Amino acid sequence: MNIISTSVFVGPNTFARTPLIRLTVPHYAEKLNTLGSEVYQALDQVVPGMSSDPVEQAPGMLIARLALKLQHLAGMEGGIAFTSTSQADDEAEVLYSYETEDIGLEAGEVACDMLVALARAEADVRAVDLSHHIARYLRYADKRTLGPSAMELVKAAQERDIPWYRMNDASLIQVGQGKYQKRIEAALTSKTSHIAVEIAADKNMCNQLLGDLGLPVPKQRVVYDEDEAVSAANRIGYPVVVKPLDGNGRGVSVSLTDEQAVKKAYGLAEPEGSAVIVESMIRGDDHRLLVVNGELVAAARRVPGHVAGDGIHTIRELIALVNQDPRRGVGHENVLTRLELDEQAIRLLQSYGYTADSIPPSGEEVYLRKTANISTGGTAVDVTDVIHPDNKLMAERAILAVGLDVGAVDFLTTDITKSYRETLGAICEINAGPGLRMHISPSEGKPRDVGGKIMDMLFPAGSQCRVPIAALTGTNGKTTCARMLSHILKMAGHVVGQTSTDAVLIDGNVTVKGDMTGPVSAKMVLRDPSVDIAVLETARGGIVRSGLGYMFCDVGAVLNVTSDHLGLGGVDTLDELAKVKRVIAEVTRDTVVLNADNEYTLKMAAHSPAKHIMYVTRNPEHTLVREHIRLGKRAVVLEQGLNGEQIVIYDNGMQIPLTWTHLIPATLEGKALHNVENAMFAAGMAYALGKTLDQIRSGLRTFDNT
């Protein structure tokens, strides 16, 4: 199972983005014949997801499915696996879904390596070292997949059908298209101010700002000119904390309840750094309060790794019980780490008057860690529903004060259920771009759709202008139809992005020259911050090599089928091209516009999922068109009559006469059937796109193809 050649479909070519692999094997027949039952059973151990089909053993399906499952293992959305017979005997092309190119490609190569290796098994009956391939693949994928704050935002975007694109890799994503584009970088949005981020970083400034708004901020903290610290301790109120200002030899004296403890603490703190500082002791658990749109959307308590007593089991036993938790480990699927009886745990138990062999009573929580982390063993606990309203308001107020779109309050308290007014809780810091990891799928309690909240902030349903309208013309070598349409739209007041297959244009200007294949040309336009609407002429070769550069179009048209022109290969007559161009019809959502005077084009109507089928014909009595018209369906018809030789639009069973053919300068008083078609399609599309007849008439009149 070697690889000869690959291509990647960025967009639809069939239905959805997918790589193609041309593979060769030759113990080819032996490979299949010798599988028996033993191979699927071997794969059932390493990749159990494919246990569902041990029957279609054709190697094409095995490879496609294995590559697909590798991606699923790495967290890909359930996709599709296919096989197709190649040009040579005992040769195959395989296709499977992908998310990221590098990963899809690797999954293919690894699926091959995994299968090739079995050929060296000889007279075996067991899987040998298959997990090594798996590990390698995941190590690679995990460095390339999107980080969880961003992944959850994207998932929300997918649920809400907001398009998104990675830019600058990492966690930075463009969301929305054209002039409506917003950006997200993990938990920050493009709305978030630079100043608010600076402030969140500057803990001292942050404390001052929040303190002045009456927020529970442990600002405090100053022994001015190393004056008597005791006086401060007495003014603050015991218990107190005496620490050096400079957090480098930073021994810290805590829980001081006597002047003598303070005097000692001062002398100890004195030599470290430029200053010594004194603040009240604040204890409790570490909470994160997440605010997204001047509204708290989630809150969670960070709990250091611990055990809870029952009066039955020793701490050793309780830890053993905790580590039965399958979520604990350092494997790919392990979110939490194991709870370990290390030195810190022992120091803490001594501090509590316990040992490893002690048995805590029912309901006592014993922290085995000095601070919460996930990597040290620890948990996130949802407390969103039980936040005292004062604390909710506090959080909202604090984030507002800083000026973040999205941020979280690092808030310490003994009980979040009680107001901060009554419990000396405190804001420790403000987190700009906070992790969403602990609020979505927290360790205990219900999750919160925080990703949703952010995307809803960016693109509220009101004027949810997530996208410019995309149209595509299935041309037959002429950019004229596309130019007529973009021209109408420009005159109509749109900034239109369009592709010409050898160029990308914005408004009237050309920005990009080169082989403007589907993928690149669409992206050039869709990401352009000035664009209202896109016209996107697509190269036949683009569809063949990489597929469409976009996932679907609102309006799309097929004008013709063939000519004596550059081939793509395969049939290159009325066939092949029909299927190449059909793909546009297949992804048109609102209105698909078909040349009804062309049999191969007309048939495409059977496959399009478009809400409306508009027929274009030069025959006022085309049988089929008149029927569709009678029923209220759309058509563009060239007609003679008492109003002259005119193009009339039909919709809802009514004639909507548009203009004279002699008033369109691309014709020579209508003896230019190719431009008549171009105009009828451009007009059809413009109508579907909701332009007025005056705008369409004006556009076609004011059209100058030079």
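All residue numbers are counted from 1 along the displayed sequence.
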query	finding
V25-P26 interval: deposited residues absent from the model	1 to 3
Size class of the missing deposited segment between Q87 and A88	none
Per the entry, higher mean C-alpha B factor between 193-201 and 559-567	559-567
Average Cα temperature factor in the PDB entry - higher stretch of 570-578, 544-552	570-578
Most elevated Cα B-factor in the entry, residues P148, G176, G474, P304	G474
Selection from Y40, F681, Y650, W660 [criterion: highest C-alpha temperature factor in the record]	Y40
Chain third (lowest, middle, highest) by recorded CA B-factor, residue given as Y687	lowest
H612 by Cα B-factor - lowest, middle or highest third of the modelled chain	middle
Ranked against its chain, the third holding the CA B-factor of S698	lowest
Record-listed C-alpha B factor of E340: chain third	middle
Relative C-alpha B-factor of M524, binned into the chain's lowest, middle or highest third	middle
